[PDB]
């Protein structure tokens, strides 16, 4: 505690409808950083517009994969060292597909946006601070996949 409990309580709301909330996360992401759009290359083709991504089964499967990684982080919030090796290889995979490490800061802001809009009154400054810390720890582990 105390960050721990704020994370578990707030995630309970989001995890009721993961694809709907993850849709908000990625809509926001492309609004902030449109140059992330070409990195989702399924069947060797590029999405033209952000709304094109929302029709792609492969893209929606990636939303589910994202939400499952965040769920594992919440389940393990008391000790994240258990996920470190997995997160390092997840970083390496994203480096491989072309994501720059700086772009994970925009992902974090999109995550915070999605929580603010979902929780409304209930997304307190303490809750924000807890999620920033948890997300920061996840990215620090992933960052090792970009060497060092």
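Residue numbers count along the first chain shown, from 1.
If you average the C-alpha B-factors over 137-145 and over 1-9, the higher value belongs to 1-9. When the two stretches 19-27 and 128-136 are set side by side, the higher mean Cα temperature factor goes to 128-136.
Per the deposited coordinates, the residue with the largest Cα temperature factor out of 108, 91, 120, 34 is 120.
Comparing C-alpha B-factors across 82, 46, 53, 103 in the deposited entry, the largest value falls on 82.
Ranked within its chain, residue 66 lands in the lowest third, by CA B factor from the PDB record. Residue-level temperature factors show residue 97 in the highest third of its chain, judged at the C-alpha atom.
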